[PDB]
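Quick notes on the structure that follows.
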Amino acid sequence: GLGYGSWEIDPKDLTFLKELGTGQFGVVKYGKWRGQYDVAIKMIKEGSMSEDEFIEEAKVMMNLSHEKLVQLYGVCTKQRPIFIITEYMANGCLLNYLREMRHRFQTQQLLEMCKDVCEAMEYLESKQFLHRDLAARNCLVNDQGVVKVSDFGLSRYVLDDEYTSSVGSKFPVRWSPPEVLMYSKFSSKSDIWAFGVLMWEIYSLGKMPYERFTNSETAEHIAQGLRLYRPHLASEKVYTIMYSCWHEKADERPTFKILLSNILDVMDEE
Ligand SMILES: NC(=O)c1nnc2ccccc2c1N
């Protein structure tokens, strides 16, 4: 309506129901839009985000639509704090979900989670859109157990320098290829590397990558050509897939289309 662009949601249409959790931008709540439609409401902590830049990018993100990507519905702007309104994912963050041993996952379920993420990422790749911070902590799980990729591209708007410099205390060292660690070379192939680490997180039931090492030790390990090794729950074929994401030479790493084909092959074989 009148004072709202297509990317803008009227916060007055929101009913707040429950708190879901917190992230690096702050608190996330479950609510309803216009009394009926489930939404997640990300309340963006003051000073945490480059907001004008994010809002311009929201216009682009509005048009990214794929069943395995957490949908952006709009933004509540020109208020303090701003809200990001997204698809509601009732089972919360993938990392926490993996760590709950009650689920007693079959490896077929783990492979399906990898396929869900790979489909989202193949779509993003087809749009030349980098995630830039792919990891289990940035995947969500809905009430049907479907995994979807969340917060794609959002690291570009984070004002905390501890997160954004490869040297920073909060940079995702453990999800980064050598060329990112060494000279900040981001590309489709840094997303591919991260995807490999994510498969490792899934098959490891949410263990931290390089769990015995500091970030500094991890960077040394990786730069010296060494890698994560096979999670107990990963078959030889599944391990081959994740390991292919970690070629020292970025151009030798697969595309998400190729990874998707390889995952489907293993699903048919296993
Ligand atoms: N989109 C969602 O439904 C959602 N988004 N962000 C979260 C952060 C922490 C814990 C849970 C959630 C969550 N369920």
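The opening position of the sequence shown corresponds to residue 389 in the deposited numbering, with each subsequent residue numbered one higher.
Idealized CB from N, CA, C, for every residue including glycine.
Residues near residue i in its chain [Cβ-Cβ closer than 6 Å; skip 5 each side]
i: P565; result: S578 and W581
i: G594; result: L483, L486 and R487
i: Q494; result: none
i: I397; result: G462, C464 and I473
i: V585; result: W563 and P597
i: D426; result: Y476
i: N603; result: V561
Beta-carbon proximity of residue i to residue j, cut-off 8 Å
i: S557; j: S572; result: no
i: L569; j: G541; result: no
i: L528; j: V458; result: yes
i: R618; j: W634; result: no
i: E589; j: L486; result: yes
i: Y545; j: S438; result: yes
i: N530; j: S538; result: no
i: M477; j: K406; result: no
i: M655; j: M587; result: no
i: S592; j: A638; result: no
i: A524; j: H454; result: no
i: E513; j: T628; result: no
i: residue 663; j: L621; result: This structure cannot speak to residue 663, because the chain is shown only from 389 to 658.
i: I651; j: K503; result: yes
i: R641; j: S632; result: yes
i: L547; j: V626; result: no
i: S436; j: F413; result: yes
Opposing strand residues paired with residue i [DSSP bridges]
i: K406; result: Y418
i: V535; result: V529
i: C464; result: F471
i: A428; result: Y418 and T474
i: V546; result: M437
i: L457; result: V537
i: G411; result: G414
i: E396; result: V463
i: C481; result: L528
Cβ shell of residue i (< 8 Å), same chain only, five flanking positions each side left out
i: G613; result: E636
i: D521; result: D539, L542, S543, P560, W563 and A582
i: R600; result: none
i: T410; result: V416
i: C481; result: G409, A524, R525, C527, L528 and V529
i: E657; result: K625
Chain-order list of residues whose beta-carbon lies under 7 Å from that of residue i (same chain, five-residue window excluded)
i: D549; result: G556
i: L402; result: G419, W421 and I429
i: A446; result: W395, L460 and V463
i: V415; result: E407 and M431
i: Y511; result: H454 and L457
i: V534; result: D504
i: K515; result: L452
i: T606; result: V561, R562 and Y598
i: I443; result: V463 and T465
**OP:** Mind the definition here: the region 458-470 touches the region 419-438 only if three or more C-beta pairs lie below 8 Å; say whether that holds.
**Re:** yes
Original post:
Which runs of the alpha helix (DSSP H), 4 residues or longer, sit entirely within the region 484-522?
Top reply: 495-514
**OP:** Please list the segments of the alpha helix (DSSP H) lying wholly inside the region 614-642, counting only runs of 4 or more residues, in order along the chain.
**Re:** 624-632
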